[PDB]
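Quick setup: the C-alpha cells below cover two forms of a single protein chain, split into structure 1 and structure 2.
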Structure 1
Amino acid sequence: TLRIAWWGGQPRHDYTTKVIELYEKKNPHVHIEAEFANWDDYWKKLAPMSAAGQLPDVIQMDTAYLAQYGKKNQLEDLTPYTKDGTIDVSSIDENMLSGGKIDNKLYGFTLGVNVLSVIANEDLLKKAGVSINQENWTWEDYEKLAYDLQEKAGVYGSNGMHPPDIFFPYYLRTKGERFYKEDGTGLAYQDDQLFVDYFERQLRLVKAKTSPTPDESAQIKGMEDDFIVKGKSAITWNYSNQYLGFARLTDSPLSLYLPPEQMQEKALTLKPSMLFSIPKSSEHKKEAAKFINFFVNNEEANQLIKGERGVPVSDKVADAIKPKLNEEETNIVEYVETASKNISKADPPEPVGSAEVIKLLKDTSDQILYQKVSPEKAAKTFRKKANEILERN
C-alpha cells in the first residue's frame, strides 16, 4: 500500500488522481491510497501523524517545513536515489534541486518553480476604471489601487496578503532587507520600522474595507470560496502556478502582474514551488522514489499536470509540455519568463523554528488587524519572541 499525500484545492486533487491512476496502470503491482487537505489542515494533520510514525510514503513538502521535519529525523535522504538513477536528474540542473537540500542531504525533491504574483480580475479592474502598470509601480500605487477598487467597483483590492510569513518577507526584500538570518539563529532585519510600515498598511486596507478581517479569511472553506474566485476581491496575492487553479474555478478573465517594487532590489525569487519527501518510517521507500521519478520525468504524466505545481524542474519536460498548454496554462509560463528577466535565486530552506515563527507572525498580525496591539508594540514583541525561537538552532 503506497500512501501519497498533498495539500491544495479541488483543481489539483482532480488531476493528481489521474496521475495516480496512470502510475498504477504502468505499475500494476502498486495500489495507491491518496490523502489530501487544504494547506492549513495538511500541516495540522501531518504533525501528530509524524509523532505516531505514520507519515505517508510520499509527502508533499514545502521549504518552510523542510527543516522542521528533516532536522528532526523524519525524512529520508534522497541522494542515494539520484546517484543510482532511480530518480533521473540528467535534465535537471542541480541548482533547482538545492531548494530541497539541508546542508549535505536532499530531503525533498523539488517538483517545480514559481514566482510571487499579483493576480487580478480584469473585469473588476475595468469596472473601477483602473489599470496596473506592473514594471514600476510602488507600494503606494498598490494601496491607492486597492482604495479605487473598493470605492469604484465595490470589491476588495486585496485578498488579505495571506499569510504574513510570505508577504512581509516579500516587503522586506523590496526594501533590500531579509527576514531570516542566513545562519537561522534570528531575524536579519534590524529596523522595526519595516515591520511597522508593513502592518500599518495592512491595517489601513482593512479599516478601508478593501481587505478582509481575520474572521472573514478564516471563513474560507476551500479554493472555490477564495476571494478571487467568488469575485469578492479583484486582487489576490499568490504564486504564479496558483493562477491555474483559480482560472479553472472562475469564468472571469484573470491576469498575472508583477508585484509592486520588485524591480530595484530584485525582490522576486525563482522559488522551489514544493517538493516530494519520503519519511524514514516508510516501508516502501524504493517505490516512493520511483513515483517521484515518474512525477518529475514522465512526459505523459506532465501532460496531465500542465505546470499546476510549478514550472517542471526538468527542462526537457518543461519544454515538451508547452505545446499542450492552453491560454491560461501558457499565461503562467509567460509570467515566469517575464519575471525572470529580473529575479533572484531562492533563499535556502527556512530554519528550524519556521513553523513556530509562522504561527507567531499570524497571531501577531491578527492582533494588529483587530486593533488589540499597535504595530509599534507588535514589532518589538514579535522580534523578541521570534529571536527566542530561532536562537535554539
Structure 2
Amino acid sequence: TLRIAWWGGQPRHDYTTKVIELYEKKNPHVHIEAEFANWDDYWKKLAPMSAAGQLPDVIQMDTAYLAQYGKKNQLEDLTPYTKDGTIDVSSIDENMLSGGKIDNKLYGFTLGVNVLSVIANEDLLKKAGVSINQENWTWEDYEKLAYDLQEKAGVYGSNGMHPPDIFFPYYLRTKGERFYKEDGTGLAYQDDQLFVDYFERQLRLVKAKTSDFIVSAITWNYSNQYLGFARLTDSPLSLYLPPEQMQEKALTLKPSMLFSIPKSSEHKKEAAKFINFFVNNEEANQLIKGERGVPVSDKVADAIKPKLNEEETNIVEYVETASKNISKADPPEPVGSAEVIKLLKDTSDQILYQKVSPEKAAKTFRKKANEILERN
C-alpha cells in the first residue's frame, strides 16, 4: 500500500477521495490508504510521525512548514524525479515550483499557486462612487479609497491587511525589497523607514472610521480565498491587483500547498508517480478543478478552464494575468519563522494600540528577527 495524507475541508476530502479511486483503477497493484483532517488536527497528526520516521509516503505540505520538516534530510529531494521523467514538468514552468525549493532542492512539489489580491465588493464601490484602476494605483490611492468608502457608504474600508507577516512582506516587494533573505539567515531589507512607512499607514487606517465583514468593500487575501467570499456574498465581488505592484512586480506565484515524500518512505517511485498523476492527469484535474489553487501545468489549466464557472474562472483569469508581471516566489519560510511571525504580530499591536513610536519599534523588530534567523 501507499499512504497519502492532506488537510482541508470536506469538499476537498470528497474529490481527493475520488482522485485516489481513479488512480487505483488505473494502477490496480497500488492500494492507497488516506488520512485527512482540518488544518489544526492535521499538523497534530503529522508532527509525531515526522520525528518517529513514519510519515505517509505522500504528504501534503505547506510552505510555512517545509523548511522545518526538511530538517536533517527528513524530506526526499524531488528534483531527480523531475529529471528521470517520473514527474513530467514539460508543461510546468520553473516559476511554479521555486516556492518549494530550499538550497536548490525541491522538498515539495507545488500543487497550485495563489496570488495576493485586493478583493472588492462591486456594489459598495458603486455606492461610494469610487473605483480601482488596478494597473497602476498607488498606496496613496488605496488610503484615499478606504477613507472615501467609509464617509460615502458607512462600510469599513477594509478588513485591514492581516496579518502583517503576509502584507508587510508584500509592501516591501512593492518597494523593491524583501522580508526574508533567500538563505533564511536574516531579513533582507535594511532600511527601517520601510517598516515605519508600513506601520504608520496601518496606524492611519486603524485609527480611522474606515476600519471578516466582506459579506468592508475590500478584503486582502490570496486569490484562492475569493471562492468562499464570492459564493457567500450576494453582491458581485472582483479580484483586483493590489496597490503599487506594477513597478517592482511585487506579486508572486505562492504555492497554495505542496506534495512531499519523506526520506523514510520505501515507496518513493510510487509516491512520485502519484504526484505526477495529481499535477498532470487531465481526468484527475476535472475532479480537482482548481480547488487547490491554479494548476501548475498549462496543459492542465487549458483542460479545466471550460468547466470552471464564474467564480473559479475569475480566479484563474486573475492569476493568469498577474503571472505575467510577477517576481520570484519566496523560498519556504525559514526555520524560526514562527518566532519572527509572533514577534511581528506582537510588534504590530505595540504600534497600533500602545503608543510605541514606529521608528523605535522598527529597529527593535529588525534587531530580534535577525537574531532569531541567524541560527540559519
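Counting starts at 1 and follows the sequence of structure 1. Think of the rigid core as the biggest set of C-alphas that the two forms share within 1.5 Å after superposition.
Rigid-part assignment between the two structures: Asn342 and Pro169 end up in one part.
When the larger part is held fixed by C-alpha superposition, the smaller rigid part is turned by 26 degrees between the two structures.
The two forms, fitted on their core, place the C-alpha of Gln68 2.7 Å apart, compared between the two structures. If you overlay the core, the Cα of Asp183 moves by 1.9 Å between the two structures. Its Cα shifted by 0.4 Å between the two structures, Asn238 is reported here after superposition on the rigid core.
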